[PDB]
Amino acid sequence: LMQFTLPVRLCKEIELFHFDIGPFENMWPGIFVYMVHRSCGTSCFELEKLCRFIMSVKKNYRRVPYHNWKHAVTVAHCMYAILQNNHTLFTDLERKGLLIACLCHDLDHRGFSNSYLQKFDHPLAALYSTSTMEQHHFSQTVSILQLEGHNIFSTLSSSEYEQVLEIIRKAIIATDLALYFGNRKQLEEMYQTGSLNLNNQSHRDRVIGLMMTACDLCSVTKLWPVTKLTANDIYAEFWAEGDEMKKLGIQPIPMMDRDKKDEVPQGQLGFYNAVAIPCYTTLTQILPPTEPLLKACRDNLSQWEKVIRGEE
Ligand SMILES: CNC(=O)c1cc(CCc2nc(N3CCCC3)nn2C)nn2c(C)c(C)nc12
Ligand SMILES: [Mg+2]
Ligand SMILES: [Zn+2]
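Residues numbered from 1 in each chain as written, not as in the entry; some residues may be left out. Chains lettered and ligands numbered in written order. Heavy atoms only, no water.

- In the PDB header, X-ray crystallography is given as the technique by which the entry was determined, and 1.9800 Å as its resolution.

What follows is the structure in structure tokens.
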């Protein structure tokens, strides 16, 4: 049969958490298929249907600085590395669902926050009052799954199909960072009082939610030159949103005001201390083989501290 194979450097480095998928857009579909085949199996999906799905998913990502097709594949590769390091912890349906959820999690993103849509009074904010963009990403995911020749889950039973679409729905909603803070607090308590139980479905859901946040923020877990250059894309978006806030007559938050360019190093420090380090710390407590993510995050925090100290 038709296994995908990558050049040697990619075949070895794709297994590491800090892998960068590279600037060759046309290799990203094959990288994703490679990851499905090893994390799920060559039997998981029909190749023709899977390729058609990947290509329609790509076409539904917009040409924005950060929440684009490269972000989708990057977040899928981090999930691949988590799954491969935790072989026996995940059901067959979770392996199938979670790489798709990661590829789909920002479908049709416009480069604006939930809060900008609510202040603009975008129609999506009337359709979906919370997790506005995330309910949209899941809606786009189901749309693409229902196109002719695109049902990659066609061999699942009714109830198995409904279970995989529910894994995907919850995984995509969990990428709303507003939801992460309480999810991580609850997981911290359950781990520390030893109530955490992976046979409890509502516990798994929380653990998958945290994995989704970890994959989504995995820019902070890369080699420093990748982390630093990715931050430029992340701010290009925020700062355009700031501009759009100022056009509505609203002062943006500091994170989104290009007038505060000079404070970026201190804003990154805050973000590693308030979001990233807590995220990968709680993830490593629950799933010990993810420790390389925490280590890499701490390495980047220390690089941001050097930037502030004028050593870079
Ligand atoms: C959901 N993700 C995020 O919201 C997110 C935010 C930031 C922005 C961090 C931030 N900067 C600043 N300002 C204040 C004035 C100058 C700079 N204030 N703050 C909190 N970086 N970032 C990364 C790298 C990644 C992966 N994700 C992020
Ligand atoms: Mg998102
Ligand atoms: Zn994302």
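1. Quick look at the pattern of salt bridges
- Taken as a whole, this structure holds 16 salt bridges when the rule is applied.
- Between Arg 309 and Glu 311 there is a salt bridge, with the nearest N and O atoms lying 2.6 Å from each other.
- Each of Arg 62, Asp 108 and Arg 110 takes part in a single network of salt bridges with overlapping partners. (Salt bridge = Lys/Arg side-chain N within 4 Å of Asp/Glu carboxyl O.)

2. Observations concerning the UniProt feature "active site" in the protein
- Summarizing the sequence annotation, UniProt attributes the feature "active site" to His 67 in the numbering used throughout.
- In this fold, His 67 is placed in the loop between helix 3 (47–59) and helix 4 (69–85).
- Setting aside chain neighbours within four positions, we find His 67 in contact with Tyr 61, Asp 106, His 109 and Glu 237. (UniProt positions renumbered as here; feature names shortened; annotations may be inferred. Helix = DSSP H or I, 4+ residues; strand = E, 2+ residues; numbered from the N terminus. Contact = heavy atoms within 4.5 Å.)

3. Here's the deal with the side chain of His 137
- Note that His 137 resides in helix 8 (residues 132–145).
- Leave out the neighbours within four places in its chain, and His 137 touches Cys 104, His 105, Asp 106, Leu 107, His 109 and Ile 172.

4. Thoughts on the nonpolar core
- Of all hydrophobic cores here, the largest spans 87 residues; its most connected members are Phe 32, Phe 153 and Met 211.
- At eleven residues, helix 4 tops the list of elements feeding residues into this core.
- The residues touching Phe 32, leaving out its near neighbours within four places in the chain, are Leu 50, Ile 54, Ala 76, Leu 99, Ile 100 and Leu 103. (Core = buried A, V, L, I, M, F, W, Y, C linked by side-chain atoms within 4.5 Å. Buried < 20%, exposed > 50% of the residue type's maximum accessible area, 1.4 Å probe, protein only.)

5. Describing the packing of helix 4 against helix 11 (residues 201–216)
- Across the interface, helix 4 lies against helix 11 with an axial gap of 8 Å and an inter-helix angle of 130°. One finds that helix 4 runs oblique with respect to helix 11. With respect to the hand of their crossing, helix 4 and helix 11 are arranged in right-handed fashion. Across the interface between the two elements, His 71, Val 75, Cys 78, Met 79, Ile 82 and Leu 83 of helix 4 pack against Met 211, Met 212, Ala 214, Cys 215 and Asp 216 of helix 11. (Axes fitted to C-alpha atoms, helices over the stretch in contact; angles between N-to-C directions. Parallel < 35°, antiparallel > 145°, perpendicular 65-115°, else oblique. Left-handed = near helix turned anticlockwise from the far one by under 90°.)

6. Quick word on the environment of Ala 174
- Here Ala 174 lies in the loop between helix 9 (158–173) and helix 10 (177–192).
- Sequence spacing of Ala 174 and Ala 81 is 93 residues, and the spatial spacing of their C-alpha atoms is 19 Å.

7. Considering the state of the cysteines
- Using the criterion set out here, one finds one disulfide in the structure.
- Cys 40 shares a disulfide with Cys 44; S-S distance 2.1 Å. On the sign convention where negative means left-handed, the S-S torsion of about -90° between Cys 40 and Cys 44 marks this disulfide as left-handed.
- With a relative accessible area of 16%, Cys 40 lands in the buried category.
- You can see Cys 104 has no disulfide; the closest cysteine sulfur is in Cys 102, sitting 9.5 Å from it.
- In this structure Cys 218 is a free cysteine whose sulfur lies 4.3 Å from that of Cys 78, the closest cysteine sulfur available. (Disulfide = S-S within 2.5 Å.)

8. What to know about the coordination of the zinc ion (ligand 3)
- Coordination of the zinc ion (ligand 3) by the protein is provided by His 71 (NE2), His 105 (NE2), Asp 106 (OD) and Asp 216 (OD), with metal-donor distances spanning 2.1 to 2.2 Å.
- Geometry at the zinc ion (ligand 3) is irregular, judged from the four donor atoms that bind it and their angles of 86 to 176° at the metal.
- The sequence pattern formed by the donor residues of the zinc ion (ligand 3) is H-x33-H-D-x109-D.
- A distance of 3.8 Å spans the gap from the zinc ion (ligand 3) to the magnesium ion (ligand 2), which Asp 106 bridges by coordinating each metal. Of this pair, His 105 sits in the loop between helix 5 (92–104) and helix 6 (114–120) while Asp 216 sits in helix 11, placing them 111 residues apart in sequence. (Donors = N, O, S within 2.8 Å, 3.2 Å for Na, K, Ca; no water. Tetrahedral: all angles 85-135°; square planar, octahedral: opposite > 155°, others 65-115°.)

9. A few points about the site of ligand 1
- Around ligand 1 there are 14 residues in total, and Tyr 235, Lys 260, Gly 267, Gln 268 and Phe 271 lie nearest to it.
- Within the side chain of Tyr 235, an N or O atom sits 2.6 Å from a nitrogen atom of ligand 1.
- Its free accessible area being 620 Å², ligand 1 has 82% of it covered by the protein chains.
- Those elements that place two or more of their residues in the shell around ligand 1 are helix 12 (224–247) and helix 13 (264–286).
- Broken down by element, the residue count for the shell around ligand 1 peaks at four residues, all from helix 13. (Near = heavy atom within 4 Å. Polar contact = N/O pair within 3.5 Å; in protein donor to acceptor, adjacent residues only side chain to side chain. Areas by Shrake-Rupley, 256 points an atom, 1.4 Å probe, with all protein chains shown as cover.)

10. Structural notes on the side chain of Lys 49
- Take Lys 49: it is sitting in helix 3.
- Nearest to the buried, unbridged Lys 49 among oppositely charged side chains is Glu 46, at 4.7 Å.
- Beyond its immediate chain neighbours, meaning those up to four positions away, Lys 49 contacts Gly 149, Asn 151, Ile 152 and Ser 154. (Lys, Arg positive; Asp, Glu negative; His and termini not counted.)

11. Observations regarding the packing of aromatic side chains
- The full count for this structure, using the stated rule, is nine aromatic pairs.
- A ring pair is formed by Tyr 61 and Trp 69, whose centres lie 6.0 Å apart and whose planes are at 45°; its orientation type is tilted.
- On the basis of relative accessibility, which here comes to 5%, the residue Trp 69 falls in the buried class.
- Through a chain of ring-to-ring contacts, three or more aromatic side chains come together here, namely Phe 45, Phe 153 and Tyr 161. (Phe/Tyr/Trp six-rings, centres within 6.5 Å; stacked < 30°, edge-to-face > 60°.)

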